[PDB]
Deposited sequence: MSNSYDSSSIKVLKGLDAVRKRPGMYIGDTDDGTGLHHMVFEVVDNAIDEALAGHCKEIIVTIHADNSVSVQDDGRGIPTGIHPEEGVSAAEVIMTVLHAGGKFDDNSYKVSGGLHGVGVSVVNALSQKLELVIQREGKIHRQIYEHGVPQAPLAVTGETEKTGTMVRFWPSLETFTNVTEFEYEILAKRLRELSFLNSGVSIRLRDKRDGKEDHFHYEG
């Protein structure tokens, strides 16, 4: 199946030359760019008028989650490639959320839409299983939590609050109307960014 082959070549490509996709993997810039890429996806959903709140969280285990209250990534199985439209978005190259997926040792996807909660787990960009319904809900949105591969990233491996805060504040400025929360579980620090 062409599609599976393609996807794995893409993932492999990104892990072999991460500099070409995420930036420097020693100085922290690439590592923080992982967060910004995921956030940019949530910003699109806000720009489209479906997302009002985005929540960025620094977890104690040095992963980062991004939650929006948008529509939820479509979950219906694409006829054309045999898996959830969400998995296509998470894995197909073109920088795209697939790059962050490729360079994460684990990624967790939680989608709320059409009354159902769906969940999928990825490792180094590869799904452990197809997207599956775990429950019901009245809410909508997309939550992506990722744990960056320490095979890829060295030296600066811990997320730095201030670096995330500066960029998220910039993004709220550029995208007037979007409301962004940043919360650090390591010490309870939090901020709310919202402009005009």
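- Comparing the deposited sequence with the modelled residues shows gaps at 1-5, 100-117, 220, with numbering starting at 1.
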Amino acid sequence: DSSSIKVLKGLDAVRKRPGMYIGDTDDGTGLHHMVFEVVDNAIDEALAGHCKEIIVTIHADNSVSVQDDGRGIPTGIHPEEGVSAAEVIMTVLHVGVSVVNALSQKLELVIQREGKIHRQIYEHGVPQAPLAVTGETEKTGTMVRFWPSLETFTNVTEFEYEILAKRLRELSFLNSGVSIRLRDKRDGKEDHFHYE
From here on, numbers count along this sequence of modelled residues.
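- Higher average CA B factor: 132-140, of the stretches 132-140 and 35-43.
- The deposited model assigns a higher average Cα B-factor to 79-87 than to the other stretch when 79-87 and 99-107 are compared.
- Across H59, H50, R145, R169, the entry's maximum B-factor at the CA atom is seen for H50.
- Within the group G177, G10, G23, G188, the record's highest C-alpha temperature factor is found at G177.
- The deposited CA B-factor of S65 belongs to the lowest third of values across its chain.
- Among all modelled residues in this chain, the alpha-carbon of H94 has a temperature factor (C-alpha) in the highest third.
- When the CA B factors of the chain's modelled residues are split into thirds, the value for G72 lands in the middle one.
- Split the chain's modelled residues into thirds by C-alpha temperature factor. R113 is in the highest one.
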